[PDB]
Structures are given as structure tokens and as C-alpha cells.
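Asks: My file is run.json. It has JSON, C-alpha atoms:
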```json
[["chain", "number", "residue", "atom", "x", "y", "z"],
["A", 119, "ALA", "CA", -25.64, 19.52, 36.59],
["A", 120, "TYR", "CA", -25.93, 17.55, 33.37],
["A", 121, "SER", "CA", -26.75, 19.28, 30.09],
["A", 122, "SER", "CA", -26.50, 17.05, 26.99],
["A", 123, "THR", "CA", -24.43, 14.47, 25.12],
["A", 124, "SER", "CA", -22.78, 14.12, 21.72],
["A", 125, "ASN", "CA", -22.73, 11.32, 19.16],
["A", 126, "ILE", "CA", -21.11, 8.04, 20.18],
["A", 127, "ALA", "CA", -18.63, 6.90, 17.53],
["A", 128, "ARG", "CA", -17.34, 3.33, 17.45],
["A", 129, "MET", "CA", -13.79, 2.83, 16.19],
["A", 130, "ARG", "CA", -11.39, 0.02, 15.34],
["A", 131, "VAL", "CA", -7.68, 0.62, 15.91],
["A", 132, "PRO", "CA", -4.92, -1.74, 14.71],
["A", 133, "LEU", "CA", -2.46, -2.99, 17.31],
["A", 134, "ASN", "CA", 1.00, -4.35, 16.47],
["A", 135, "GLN", "CA", -0.33, -4.98, 12.94],
["A", 136, "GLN", "CA", -2.17, -8.11, 14.11],
["A", 137, "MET", "CA", -5.48, -7.22, 15.72],
["A", 138, "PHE", "CA", -8.22, -4.59, 15.61],
["A", 139, "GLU", "CA", -9.26, -3.20, 19.01],
["A", 140, "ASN", "CA", -12.78, -1.93, 19.66],
["A", 141, "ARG", "CA", -13.14, 1.58, 21.09],
["A", 142, "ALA", "CA", -15.56, 4.48, 21.30],
["A", 143, "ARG", "CA", -15.66, 8.16, 22.16],
["A", 144, "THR", "CA", -18.16, 10.76, 23.34],
["A", 145, "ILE", "CA", -18.35, 14.23, 24.85],
["A", 146, "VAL", "CA", -20.64, 14.94, 27.81],
["A", 147, "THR", "CA", -21.47, 18.57, 28.60],
["A", 148, "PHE", "CA", -22.24, 19.70, 32.15],
["A", 149, "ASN", "CA", -23.43, 22.92, 33.74],
["A", 150, "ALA", "CA", -21.64, 24.51, 36.69],
["A", 151, "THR", "CA", -21.44, 27.65, 38.81],
["A", 152, "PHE", "CA", -18.20, 29.11, 40.17],
["A", 153, "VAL", "CA", -17.87, 31.49, 43.13],
["A", 154, "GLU", "CA", -14.88, 33.67, 43.99],
["A", 155, "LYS", "CA", -14.12, 36.14, 46.76],
["A", 156, "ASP", "CA", -12.92, 39.72, 46.37],
["A", 157, "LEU", "CA", -9.59, 41.02, 47.70],
["A", 158, "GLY", "CA", -10.93, 43.89, 49.81],
["A", 159, "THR", "CA", -13.57, 46.57, 50.17],
["A", 160, "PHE", "CA", -13.99, 50.32, 49.86],
["A", 161, "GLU", "CA", -14.61, 52.63, 52.79],
["A", 162, "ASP", "CA", -18.13, 53.33, 54.01],
["A", 163, "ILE", "CA", -19.88, 56.68, 53.76],
["A", 164, "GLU", "CA", -19.94, 57.99, 57.31],
["A", 165, "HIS", "CA", -20.44, 61.70, 56.63],
["A", 166, "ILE", "CA", -21.99, 63.50, 53.67],
["A", 167, "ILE", "CA", -21.79, 67.26, 53.07],
["A", 168, "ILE", "CA", -23.93, 68.94, 50.40],
["A", 169, "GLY", "CA", -23.76, 72.54, 49.20],
["A", 170, "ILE", "CA", -26.90, 74.24, 47.91],
["A", 171, "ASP", "CA", -27.34, 77.49, 45.99],
["A", 172, "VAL", "CA", -30.81, 78.94, 45.37],
["A", 173, "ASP", "CA", -30.71, 81.60, 42.66],
["A", 174, "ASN", "CA", -33.46, 84.18, 43.08],
["A", 175, "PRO", "CA", -34.21, 87.64, 41.66],
["A", 176, "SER", "CA", -34.64, 89.58, 44.93],
["A", 177, "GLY", "CA", -30.93, 89.42, 45.77],
["B", 4, "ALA", "CA", 34.71, -8.67, -25.58],
["B", 5, "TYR", "CA", 33.31, -10.48, -22.55],
["B", 6, "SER", "CA", 34.26, -14.16, -22.48],
["B", 7, "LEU", "CA", 33.74, -15.65, -19.02],
["B", 8, "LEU", "CA", 30.28, -14.16, -18.52],
["B", 9, "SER", "CA", 29.27, -15.41, -21.98],
["B", 10, "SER", "CA", 29.13, -18.98, -20.62],
["B", 11, "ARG", "CA", 27.09, -20.83, -18.04],
["B", 12, "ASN", "CA", 28.26, -20.82, -14.43],
["B", 13, "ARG", "CA", 29.84, -23.90, -12.85],
["B", 14, "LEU", "CA", 29.80, -23.14, -9.12],
["B", 15, "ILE", "CA", 26.39, -21.72, -8.14],
["B", 16, "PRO", "CA", 23.42, -24.03, -8.78],
["B", 17, "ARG", "CA", 20.74, -22.77, -11.15],
["B", 18, "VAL", "CA", 17.26, -24.06, -11.90],
["B", 19, "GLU", "CA", 14.77, -23.80, -14.75],
["B", 20, "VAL", "CA", 11.32, -22.29, -14.26],
["B", 21, "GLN", "CA", 8.06, -22.39, -16.17],
["B", 22, "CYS", "CA", 6.44, -19.35, -17.76],
["B", 23, "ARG", "CA", 3.55, -18.41, -20.01],
["B", 24, "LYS", "CA", 2.89, -15.63, -22.50],
["B", 25, "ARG", "CA", -0.30, -13.59, -22.32],
["B", 26, "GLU", "CA", -2.56, -11.80, -24.81],
["B", 27, "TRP", "CA", -6.13, -10.54, -24.62],
["B", 28, "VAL", "CA", -9.21, -10.56, -26.83],
["B", 29, "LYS", "CA", -12.68, -9.01, -27.07],
["B", 30, "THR", "CA", -15.68, -11.32, -26.90],
["B", 31, "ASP", "CA", -18.88, -9.26, -26.72],
["B", 32, "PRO", "CA", -20.43, -9.03, -30.20],
["B", 33, "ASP", "CA", -22.44, -5.83, -29.74],
["B", 34, "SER", "CA", -20.65, -3.88, -27.01],
["B", 35, "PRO", "CA", -18.99, -0.81, -28.57],
["B", 36, "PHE", "CA", -15.97, -1.06, -26.30],
["B", 37, "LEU", "CA", -12.43, -2.22, -26.91],
["B", 38, "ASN", "CA", -12.66, -4.03, -23.58],
["B", 39, "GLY", "CA", -15.74, -6.10, -24.31],
["B", 40, "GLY", "CA", -15.61, -9.28, -22.33],
["B", 41, "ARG", "CA", -11.86, -9.47, -22.02],
["B", 42, "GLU", "CA", -10.13, -12.84, -22.30],
["B", 43, "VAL", "CA", -6.48, -13.82, -22.01],
["B", 44, "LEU", "CA", -4.71, -16.39, -24.18],
["B", 45, "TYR", "CA", -1.73, -18.32, -22.84],
["B", 46, "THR", "CA", 1.20, -20.13, -24.46],
["B", 47, "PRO", "CA", 3.55, -21.92, -22.07],
["B", 48, "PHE", "CA", 7.34, -22.07, -22.15],
["B", 49, "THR", "CA", 10.35, -22.39, -19.86],
["B", 50, "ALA", "CA", 13.42, -20.37, -18.87],
["B", 51, "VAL", "CA", 16.81, -21.94, -19.50],
["B", 52, "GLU", "CA", 18.26, -21.34, -16.03],
["B", 53, "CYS", "CA", 17.30, -18.94, -13.27],
["B", 54, "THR", "CA", 18.12, -17.83, -9.74],
["B", 55, "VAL", "CA", 15.42, -16.71, -7.28],
["B", 56, "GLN", "CA", 15.98, -14.48, -4.25],
["B", 57, "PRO", "CA", 13.70, -12.63, -1.82],
["B", 58, "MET", "CA", 13.43, -8.97, -0.86],
["B", 59, "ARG", "CA", 16.24, -7.83, 1.40],
["B", 60, "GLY", "CA", 14.55, -5.38, 3.79],
["B", 61, "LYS", "CA", 11.59, -5.56, 6.15],
["B", 62, "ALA", "CA", 9.61, -2.55, 4.97],
["B", 63, "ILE", "CA", 5.91, -2.60, 5.78],
["B", 64, "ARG", "CA", 4.95, -3.05, 2.13],
["B", 65, "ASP", "CA", 7.34, -6.00, 1.72],
["B", 66, "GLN", "CA", 5.85, -8.13, 4.52],
["B", 67, "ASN", "CA", 4.01, -11.27, 3.46],
["B", 68, "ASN", "CA", 0.69, -11.12, 5.33],
["B", 69, "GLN", "CA", -0.82, -7.65, 5.67],
["B", 70, "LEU", "CA", -3.65, -6.49, 7.92],
["B", 71, "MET", "CA", -6.46, -4.71, 6.08],
["B", 72, "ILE", "CA", -9.96, -3.79, 7.15],
["B", 73, "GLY", "CA", -11.21, -6.94, 5.43],
["B", 74, "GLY", "CA", -8.67, -9.53, 6.51],
["B", 75, "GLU", "CA", -5.08, -10.69, 6.54],
["B", 76, "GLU", "CA", -4.25, -10.33, 2.86],
["B", 77, "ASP", "CA", -1.29, -11.93, 1.10],
["B", 78, "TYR", "CA", 1.76, -10.54, -0.70],
["B", 79, "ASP", "CA", 5.00, -11.90, -2.16],
["B", 80, "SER", "CA", 7.81, -10.83, -4.47],
["B", 81, "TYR", "CA", 11.21, -11.88, -5.78],
["B", 82, "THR", "CA", 14.31, -10.89, -7.72],
["B", 83, "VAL", "CA", 15.35, -13.23, -10.53],
["B", 84, "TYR", "CA", 18.50, -13.55, -12.64],
["B", 85, "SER", "CA", 17.98, -15.42, -15.89],
["B", 86, "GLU", "CA", 19.40, -16.01, -19.35],
["B", 87, "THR", "CA", 16.00, -16.03, -21.09],
["B", 88, "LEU", "CA", 14.36, -12.94, -22.53],
["B", 89, "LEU", "CA", 11.01, -12.02, -20.99],
["B", 90, "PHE", "CA", 8.91, -9.07, -22.09],
["B", 91, "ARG", "CA", 6.64, -6.59, -20.34],
["B", 92, "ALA", "CA", 3.43, -5.19, -21.79],
["B", 93, "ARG", "CA", 3.48, -2.84, -24.77],
["B", 94, "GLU", "CA", 0.90, -0.14, -25.40],
["B", 95, "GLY", "CA", -1.33, 0.01, -28.44],
["B", 96, "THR", "CA", -1.04, -3.78, -28.68],
["B", 97, "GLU", "CA", -2.75, -6.94, -27.46],
["B", 98, "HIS", "CA", 0.30, -8.35, -25.63],
["B", 99, "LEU", "CA", 0.46, -8.53, -21.83],
["B", 100, "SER", "CA", 3.31, -9.12, -19.42],
["B", 101, "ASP", "CA", 4.85, -12.57, -19.10],
["B", 102, "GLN", "CA", 4.31, -14.60, -15.94],
["B", 103, "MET", "CA", 6.23, -17.41, -14.29],
["B", 104, "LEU", "CA", 5.38, -19.91, -11.57],
["B", 105, "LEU", "CA", 7.35, -19.95, -8.31],
["B", 106, "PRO", "CA", 6.91, -21.13, -4.72],
["B", 107, "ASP", "CA", 5.40, -18.80, -2.11],
["B", 108, "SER", "CA", 5.51, -18.31, 1.65],
["B", 109, "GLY", "CA", 2.29, -20.26, 2.21],
["B", 110, "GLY", "CA", 3.77, -23.48, 0.87],
["B", 111, "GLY", "CA", 1.89, -23.45, -2.44],
["B", 112, "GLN", "CA", 2.76, -22.26, -5.93],
["B", 113, "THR", "CA", 1.52, -19.12, -7.65],
["B", 114, "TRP", "CA", 2.14, -16.96, -10.68],
["B", 115, "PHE", "CA", 4.42, -13.92, -10.58],
["B", 116, "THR", "CA", 4.10, -11.08, -13.09],
["B", 117, "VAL", "CA", 7.16, -9.40, -14.59],
["B", 118, "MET", "CA", 7.31, -5.71, -13.70],
["B", 119, "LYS", "CA", 10.88, -4.54, -14.33],
["B", 120, "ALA", "CA", 13.43, -5.93, -16.77],
["B", 121, "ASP", "CA", 17.08, -4.88, -16.95],
["B", 122, "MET", "CA", 19.28, -5.20, -20.03],
["B", 123, "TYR", "CA", 22.78, -4.08, -21.05],
["B", 124, "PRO", "CA", 22.61, -3.59, -24.83],
["B", 125, "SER", "CA", 26.21, -2.42, -25.17],
["B", 126, "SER", "CA", 27.79, -5.43, -23.44],
["B", 127, "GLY", "CA", 26.47, -8.31, -25.55],
["B", 128, "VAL", "CA", 26.25, -11.15, -23.03],
["B", 129, "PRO", "CA", 22.63, -12.35, -22.56],
["B", 130, "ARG", "CA", 22.23, -11.97, -18.79],
["B", 131, "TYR", "CA", 19.13, -10.28, -17.40],
["B", 132, "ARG", "CA", 17.61, -9.30, -14.06],
["B", 133, "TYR", "CA", 13.89, -9.24, -13.32],
["B", 134, "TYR", "CA", 11.65, -8.06, -10.48],
["B", 135, "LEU", "CA", 8.42, -9.96, -9.89],
["B", 136, "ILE", "CA", 5.24, -9.50, -7.84],
["B", 137, "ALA", "CA", 2.85, -12.32, -6.98],
["B", 138, "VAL", "CA", -0.57, -12.24, -8.64],
["B", 139, "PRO", "CA", -3.43, -11.35, -6.27],
["B", 140, "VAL", "CA", -4.87, -14.49, -4.71],
["B", 141, "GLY", "CA", -8.01, -15.61, -6.50],
["B", 142, "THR", "CA", -7.35, -13.82, -9.80],
["B", 143, "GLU", "CA", -5.06, -13.91, -12.84],
["B", 144, "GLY", "CA", -3.66, -10.38, -12.66],
["B", 145, "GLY", "CA", -3.94, -7.70, -15.30]]
```
Would you encode the structure as C-alpha cells?
Replies:
Amino acid sequence: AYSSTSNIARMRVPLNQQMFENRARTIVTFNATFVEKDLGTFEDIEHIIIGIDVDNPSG
Amino acid sequence: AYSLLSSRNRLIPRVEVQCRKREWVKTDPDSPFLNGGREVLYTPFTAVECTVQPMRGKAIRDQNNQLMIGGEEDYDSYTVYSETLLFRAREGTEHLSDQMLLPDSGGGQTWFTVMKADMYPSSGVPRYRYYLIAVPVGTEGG
């Protein structure tokens, strides 16, 4: 997408020491969005094991 | 002592040229400045015999018509050998540099101002070499 624009400067440039050539220059700024793809994946979680310890005073 | 060079040449043609001395004067009655309204006083004269030659190279500052942001300005110069004494400006005085009238590249005639004078005090013969630059078009120099 388009964002903004800079100042437009008009210039005169000598050529072969005989003539002045008309020119101009500007900078136009755009927005963009870039997408890239990973090189792999991790393994899934198929099985989960959890250990539990319940501290109590009776034993 | 030199003998042959102490006499006028008899093979290469030589010509005479016209010149004019230059002073300056203050005109404003009340201005406190040395400049005032400057004026230049002239007194004409001629050189006995001279030889005129152009610049030898093609350097950008030696070209005749030059391109500036305003327009194609004008420039000329020469090298002159002469048997007349011409003087440059001297400081703390009211004397200015001598000028002499020569043909230009545009077909007209204009005044050239002496900038460099060469002398050989120990030799004796009165032969000199000068280097001249054409006065800016539309003015009488400085």
C-alpha cells in the first residue's frame, strides 16, 4: 500500500558544457507485508506422565 | 654584454599597440570613506613594438565562452612580448594597472589588464614579457 511522499526538488544539470537539462527527484514510501515459511516442526505431545506427591502428617 | 638582443629584430614581424594609464579619485564630499564615489583617470600612450600570442592549453578556465547559471559568459587572455615598460598596481597609492587594447575572439576589440610582468634586471637589455586578461564585458575592470 501507499504511505507518503517526500519533497519534489527540481534540478538543472549541465551537459557537455553547453546546455542545462531539467530534472527532478522524489522518494515515495510504501507499506508491505512479507510472509515466510518455517523449515520444520517439533514433535506432538502424544503421551503425558505426571508424578504427584501429597505430603501429610499421618504417614 | 648582450649585443644582438639589444637591437630590434629583423625577421619576425612586430606591431605597435595602444595603452592607457589608470589612476583613481574620490568624489563624494561628505562620505567618510577612502572609496567615496571612485573614478578612474586615463592617459593614453602606445607600445613601441609587441608580439601577441594566445594560451597554449585547453584547460576549462582558458576556454573563451563559459557556461554559468546566468548565461554563456566571455573570457580571453594573451601573452605579450614588448620593449615598453608597463606597470602593475602599487599599494598605498592611487595608481592602477595599465591596460592595452587588443582583438578578441568575438571579432571586436577590448581592453586587457596587465597582471604579471617579467624583468631581468641583471641582463640590461629592455625586453619584457607580460600576461594579460580581458576586462569583464560591460565594465572597466578594477
Asks: Using all atoms listed in the file and a distance of at most 9 Å, pull out the residues of chain B that contact chain A, as a ChimeraX atom specification.
Replies: /B:69-70,72,75
Asks: Please indicate the distance in Å from CA of residue 102 (chain B) to CA of residue 10 (chain B), rounded to one decimal place.
Replies: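 For CA of residue 102 (chain B) relative to CA of residue 10 (chain B), the distance reads 25.6 Å.
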Asks: Measure the distance from CA of residue 113 (chain B) to CA of residue 79 (chain B) in Å and round it to one decimal.
Replies: 9.7 Å
Asks: Just the residues within 10 Å of residue 16 (chain B), please, counting only C-alpha atoms, with nothing from its chain fewer than 4 positions along; format it as a short mmCIF file (atom, residue, chain, number, x, y, z; two decimals) with C-alpha atoms, in the coordinates of the input.
Replies:
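around-v1.cif, freshly written:
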```cif
data_model
loop_
_atom_site.label_atom_id
_atom_site.label_comp_id
_atom_site.auth_asym_id
_atom_site.auth_seq_id
_atom_site.Cartn_x
_atom_site.Cartn_y
_atom_site.Cartn_z
CA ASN B 12 28.26 -20.82 -14.43
CA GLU B 52 18.26 -21.34 -16.03
CA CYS B 53 17.30 -18.94 -13.27
CA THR B 54 18.12 -17.83 -9.74
#
```
Asks: What does the distance between CA of residue 98 (chain B) and CA of residue 134 (chain B) come to in Å, to one decimal place?
Replies: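 Separating CA of residue 98 (chain B) from CA of residue 134 (chain B) is a distance of 18.9 Å.
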Asks: May I have the residues within 12 Å of residue 149 (chain A) as an MDAnalysis selection string, using all atoms listed in the file and disregarding those fewer than 2 positions away in the same chain?
Replies: chainID A and resid 119:122 146:147 151:152
Asks: List the neighbours of residue 96 (chain B) out to 12 Å using all atoms listed in the file; skip same-chain residues closer than 2 positions along the sequence, and give me the result as number ranges by chain.
Replies: B: 25-28, 37, 91-94, 98-100
Asks: Those same residues - C-alpha atoms - I'd like them written as a PDB file, in the frame of the given file.
Replies:
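Resulting contents of part.pdb:
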```pdb
ATOM      1  CA  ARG B  25      -0.300 -13.590 -22.320  1.00  0.00           C
ATOM      2  CA  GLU B  26      -2.560 -11.800 -24.810  1.00  0.00           C
ATOM      3  CA  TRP B  27      -6.130 -10.540 -24.620  1.00  0.00           C
ATOM      4  CA  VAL B  28      -9.210 -10.560 -26.830  1.00  0.00           C
ATOM      5  CA  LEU B  37     -12.430  -2.220 -26.910  1.00  0.00           C
ATOM      6  CA  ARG B  91       6.640  -6.590 -20.340  1.00  0.00           C
ATOM      7  CA  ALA B  92       3.430  -5.190 -21.790  1.00  0.00           C
ATOM      8  CA  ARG B  93       3.480  -2.840 -24.770  1.00  0.00           C
ATOM      9  CA  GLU B  94       0.900  -0.140 -25.400  1.00  0.00           C
ATOM     10  CA  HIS B  98       0.300  -8.350 -25.630  1.00  0.00           C
ATOM     11  CA  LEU B  99       0.460  -8.530 -21.830  1.00  0.00           C
ATOM     12  CA  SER B 100       3.310  -9.120 -19.420  1.00  0.00           C
TER      13      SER B 100
END
```
Asks: Given only C-alpha atoms as the basis, pick out the residue of B:95, B:129, B:60, B:40 nearest to residue 80 (chain B).
Replies: B:60
Asks: I'd like the neighbourhood of residue 145 (chain A) as a PyMOL selection string, where a residue qualifies if any of its atoms comes within 9 Å (using all atoms listed in the file), though same-chain residues fewer than 4 positions away should be ignored.
Replies: chain A and resi 122-126
Asks: Considering only C-alpha atoms, state which residue in the set B:122, B:140, B:105, B:20 is at the smallest distance from residue 88 (chain B).
Replies: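 Looking at the shortest contact to residue 88 (chain B), the residue is B:122.
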Asks: Could you list, as a PDB file with C-alpha atoms, keeping the file's coordinate frame, every residue within 6 Å of residue 81 (chain B), counting all atoms listed in the file and ignoring same-chain residues fewer than 3 positions away?
Replies:
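Printed below is selection.pdb as written:
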```
ATOM      1  CA  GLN B  56      15.980 -14.480  -4.250  1.00  0.00           C
ATOM      2  CA  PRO B  57      13.700 -12.630  -1.820  1.00  0.00           C
ATOM      3  CA  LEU B 135       8.420  -9.960  -9.890  1.00  0.00           C
TER       4      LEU B 135
END
```
Asks: What box, with edges along x, y and z, holds each listed atom of region 81-95 of chain B when 8 Å is added on every side, and can you state its centre and edge lengths in Å to one decimal, as lines of an AutoDock Vina configuration file?
Replies:
```
center_x = 9.0
center_y = -8.0
center_z = -17.1
size_x = 36.7
size_y = 32.0
size_z = 38.7
```
